[PDB]
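Asker: My questions will all concern the structure given below.
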Amino acid sequence: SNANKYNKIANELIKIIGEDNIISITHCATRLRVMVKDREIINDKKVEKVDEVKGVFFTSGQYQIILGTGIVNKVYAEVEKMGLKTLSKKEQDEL
């Protein structure tokens, strides 16, 4: 596939969750982890249909999208430019 593969998934994901429904975002080795305001407006079935999405779970305020290793980082790197509160990239330590 073309090099926009990961930015299309990021955009589809943001669009289904709702941009202003996102508190903050990070990831682990296999999952994109989105702290959301209201899970009950997120259409899980539409999320599950997105390219590369292996499954979805909500628990403990976290909407988790399983993308698999390597694919999860490439999607995270697209979301990182979108301006949402992404957290993985911890902020500069002061001296």
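Residue numbers (PDB author numbering): 1 to 95. Ideal placement from N, C-alpha and C gives every residue a C-beta, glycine not left out.
List, from N- to C-terminal side, the alpha helix (DSSP H) runs of 4 residues or more that fit wholly inside the region 29 to 59.
Answerer: Correct list: 44 to 48.
Asker: From this set, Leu32, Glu91 and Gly18, which residue's C-alpha is nearest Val53's C-alpha?
Answerer: Ranking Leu32, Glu91 and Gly18 by Cα distance to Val53 puts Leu32 first.
Asker: Residue range of the alpha helix (DSSP H) that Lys89 falls in?
Answerer: Element bounds for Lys89: n/a, residue is neither H nor E.
Asker: If we ignore side chains and look at the alpha-carbon of each, how far apart do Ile17 and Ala29 end up?
Answerer: The alpha-carbon atoms of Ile17 and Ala29 are separated by roughly 21 Å.
Asker: So, at 6 Å on beta carbons, what are the nonlocal neighbours of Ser24 in its own chain, with the 5 sequence-adjacent residues on each side left out?
Answerer: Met35, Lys85 and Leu87, listed in sequence order.
Asker: Are the Cβ atoms of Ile9 and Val50 separated by less than 8 Å?
Answerer: It is a contact, given that the beta carbons lie within the stated cut-off.
Asker: Distance, Cα to Cα, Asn4 vs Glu78?
Answerer: For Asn4 and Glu78, the distance between alpha carbons rounds to 9 Å.
Asker: Report the CB separation of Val56 from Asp38 in whole angstroms; it is logged as a contact under 8 Å.
Answerer: That pair is no contact at about 15 Å.
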